[PDB]
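I have placed the structure first, in the form of structure tokens, so that the comments after it can refer back to it.
Residue numbers (the authors' numbering), protein chains in the order written: chain D, 1 to 52, 52A, 53 to 82, 82A to 82C, 83 to 110; chain K, 1 to 124; chain B, 5 to 229.
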């Protein structure tokens, strides 16, 4: 029915940059908002970025404020998240969440600065 | 209770080698067997390595020839060396102590299963 | 557990006082404990609900955790079912992320042949234009986990968890939820060990009812043992 696939997770040195991507199938992206959650190994899941259904407004948290650039593409049916300069605090993995119905969790991709 | 701690989450490119250590805390009389499992974001759980108190070592068909396992009962800790790490096995890793017989001096003990938090390992 | 075999009607009553705003919510529906299914509708008796529905979803539904599908080996661990015949009291303290606190007291008991939940809520230390008071929360509830542990000193079960509430701007608010239970009946509590209940919530509106619908379909499954 509804599924998510993430990509772009690669090992990056501090000060580098990578472009996380989340594609979805089973719904239109514009009609529903999408969020990104950060989970360190063994730690509680947290929220880093969120893009509303309209896409004209986006929200971040203090830790990653001013670094991420969340974007959406209806033609590609995919959302993207930038990282600007990486820091060790971003060692946690990233999950893609979209609550079209019930609750859906993306497979996710790993991102460790190392 | 017994807490398992994982360490060794380094970044190694194709052909690199990194060591993952799983250390068991608390008072444990013995461990039946320690195993390493690989979990990908989109794939089911698959066992990587298994080592028993008797010294028997079990590896997967693909894992054989690349990973080595060594557990010390007195040090009650297991080290997995990922020689010639491949891009495909970029998944997270977990450690399992199937048998955890913890015996207290008073004579009261427990035998259950405990899970250690995963170690983030990936290849570029 | 023999009481819950089959389908059981569920009735819920809530009377909340959020910073002087008094709202009464009446809810009716059914639940199949065997399949761990809960189909309810919580219509706000008042004209409008001064707070977002997702904030009170936890107060209304998670008070009724006796319909959770407990595995066979975990059947003995269901404290709610064990103490349900005489009912129980459930006190929740809910600390929002810098947006005040809910305090709620609920009584769960069988009346006639129907389950009844009498709930009294009170929210304090709220900031206007916030995530809750500002109604920025979208109408949807995500799946969550509730950790459950016994307490012999109080002879009751204690729960802890964090609830993630979505927001229109994309922010996610983390609310801490702490639950204390007291068995009304004097019979054996049969309190369990540590275990986590996973809840899946899908929300909907009915077309017919002009008033607030608050149609809720929940599936709760216990695990961890």
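Think of the CB as a built atom: it goes at the ideal place given N, C-alpha and C, for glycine as much as any other residue.
Which chain K residues sit within Cβ distance under 7 Å of residue i?
i                      : result
residue 103 of chain D : 41 and 42
residue 110 of chain D : 10 and 11
What does residue i touch in chain B if you count any residue whose Cβ is under 7 Å from its own?
i                     : result
residue 97 of chain D : 206
Name the chain K residues that come within less than 8 Å of residue i, Cβ to Cβ?
i                      : result
residue 113 of chain D : This structure cannot speak to residue 113 of chain D, because chain D is shown only from 1 to 110.
Under three-state DSSP, which class holds residue i?
i                      : result
residue 199 of chain B : strand
residue 19 of chain D  : coil
residue 66 of chain K  : coil
residue 61 of chain B  : helix
residue 83 of chain B  : helix
residue 84 of chain D  : helix
residue 71 of chain B  : coil
residue 27 of chain B  : strand
residue 67 of chain D  : coil
residue 213 of chain B : coil
residue 220 of chain B : strand
residue 99 of chain D  : coil
residue 44 of chain D  : coil
residue 60 of chain D  : coil
residue 6 of chain B   : helix
residue 11 of chain D  : coil
residue 38 of chain K  : strand
residue 39 of chain D  : strand
residue 66 of chain B  : coil
residue 21 of chain K  : strand
residue 92 of chain D  : strand
residue 229 of chain B : coil
residue 75 of chain D  : coil
residue 30 of chain D  : coil
residue 50 of chain D  : strand
residue 3 of chain D   : strand
residue 71 of chain K  : strand
Would you mind telling me which residues of chain D sit closer than 7 Å to residue i, beta carbon to beta carbon, in chain order?
i                     : result
residue 70 of chain K : Ordered by position in chain D, no residue passes the 7 Å Cβ test against residue 70 of chain K, which lies about 22 Å from the chain.
Compute the beta-carbon to beta-carbon distance between residue i and residue j, rounded to the nearest angstrom, for a pair I have assumed lies under 8 Å.
i                      : j                      : result
residue 22 of chain K  : residue 77 of chain K  : 6 Å
residue 199 of chain B : residue 228 of chain B : 4 Å
residue 85 of chain B  : residue 5 of chain B   : 5 Å
residue 47 of chain B  : residue 33 of chain B  : Wrong, their Cβ atoms sit about 11 Å apart, outside the cutoff.
residue 67 of chain D  : residue 82 of chain D  : 7 Å
residue 145 of chain B : residue 23 of chain B  : At roughly 23 Å, the Cβ-Cβ gap does not stay under 8 Å, so residue 145 of chain B and residue 23 of chain B are not in contact.
residue 104 of chain D : residue 94 of chain D  : About 13 Å; that fails the 8 Å criterion.
residue 58 of chain B  : residue 139 of chain B : With 8 Å as the limit, residue 58 of chain B and residue 139 of chain B do not qualify as a contact, their Cβ atoms being about 11 Å apart.
residue 70 of chain D  : residue 174 of chain B : Actually they are not in contact, since the Cβ atoms of residue 70 of chain D and residue 174 of chain B sit about 13 Å apart, beyond 8 Å.
residue 97 of chain K  : residue 4 of chain K   : 7 Å
residue 3 of chain D   : residue 17 of chain D  : Wrong, their Cβ atoms sit about 28 Å apart, outside the cutoff.
residue 68 of chain K  : residue 58 of chain K  : Not a contact, Cβ separation roughly 13 Å.
residue 71 of chain B  : residue 224 of chain B : 7 Å
residue 64 of chain B  : residue 31 of chain B  : 6 Å
residue 109 of chain B : residue 95 of chain B  : 5 Å
residue 102 of chain K : residue 31 of chain K  : In fact, because the Cβ distance is near 10 Å, the residues do not count as touching under 8 Å.
residue 98 of chain B  : residue 92 of chain B  : 19 Å between Cβ atoms; not a contact.
residue 125 of chain B : residue 21 of chain B  : 7 Å
Give me the chain B residues within the contact set of residue i, using Cβ-Cβ distance strictly less than 9 Å, ordered along the chain.
i                     : result
residue 50 of chain D : 170, 171, 173, 174, 175 and 176
residue 25 of chain D : In chain order: nothing, as chain B lies at least about 20 Å away.
residue 56 of chain D : 172, 173 and 174
Could you work out which residues of chain K lie near residue i, taking near to mean beta carbons separated by less than 9 Å?
i                      : result
residue 87 of chain D  : 9 and 120
residue 6 of chain D   : 41 and 42
residue 106 of chain D : 41, 90, 91, 92, 120, 121 and 122
For residue i, go through chain D and note every residue whose CB falls closer than 9 Å to its CB, in chain order.
i                      : result
residue 124 of chain K : 10, 11 and 12
Taking Cβ-Cβ distances shorter than 8 Å, what residues in chain B pair up with residue i?
i                     : result
residue 35 of chain D : 170, 174 and 176
Taking CB distances under 9 Å as the criterion, tell me whether residue i reaches chain C.
i                     : result
residue 69 of chain B : Absent here is chain C; the protein component of the structure consists of chains D, K and B.
Return yes when at least one heavy atom of the ligand SAM lies under 8 Å from the C-beta of residue i, else no.
i                     : result
residue 14 of chain B : The ligand SAM is not part of this structure, which contains no ligands at all.
Please identify, using Cβ separations under 9 Å, the residues of the stretch 8 to 38 of chain K that lie next to chain D, in order along the chain.
9, 10, 11, 12 and 13
Interfacial residues, the stretch 128 to 149 of chain B to chain D, with Cβ spacing under 9 Å
142, 144, 145, 146, 147 and 148
Could you name each continuous beta strand (DSSP E) segment of 3 residues or more that falls completely within the stretch 81 to 124 of chain K, going from the start of the chain to the end?
92 to 103 and 109 to 115
Runs of 3 residues minimum, wholly inside the stretch 156 to 204 of chain B: which ones carry the beta strand (DSSP E) assignment?
160 to 170 and 176 to 187
What ranges does the alpha helix (DSSP H) occupy inside the stretch 29 to 57 of chain B, keeping only unbroken runs of at least 4 residues that lie completely in it?
none
Going residue by residue through the stretch 94 to 153 of chain B, where are the continuous beta strand (DSSP E) segments of at least 3 residues, counting only ones entirely within it?
105 to 115 and 118 to 128
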